[PDB]
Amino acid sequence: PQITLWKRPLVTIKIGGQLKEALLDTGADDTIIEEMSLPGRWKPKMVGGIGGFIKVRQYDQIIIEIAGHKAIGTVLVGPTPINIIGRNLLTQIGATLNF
């Protein structure tokens, strides 16, 4: 699709067999989702945003369905105001910005 930006670019994602809403965020380097249980071991990671840094849990090789497109990669879990799909996954689905 071609998504205009008059409204927040929200899509449905499927992760852990659950359906969730997420923001397509070109300004986020990584993908961060709200607290949920994911499989595997995690590593610590410091993530910087508008108000400073936070501590999140990094899970690798996670299967995630983004607006019907399947992707497999790194997902961070932590206290985010909204589920964000960052560049790491946007590239996997071949998303670009055009103007």
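Counting begins at 1, following the sequence as shown. Definition used throughout: the rigid core is the maximal C-alpha set that superposes within 1.5 Å between two forms.
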Q: Between 54-62 and 39-47, report the one with more C-alpha displacement in 6 other deposited structures of this protein relative to this form after a rigid core superposition.
A: 39-47
(Q) Test of understanding: from the entry's C-alpha B-factors, which stretch has the higher mean, 51-59 or 25-33? (A) 51-59
Q.
Going by the mean C-alpha B-factor recorded in the entry, which is higher: 77-85 or 12-20?
A. 12-20
**Q.** CA B-factor placement of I93, once the chain's modelled residues are sorted into thirds
**A.** middle
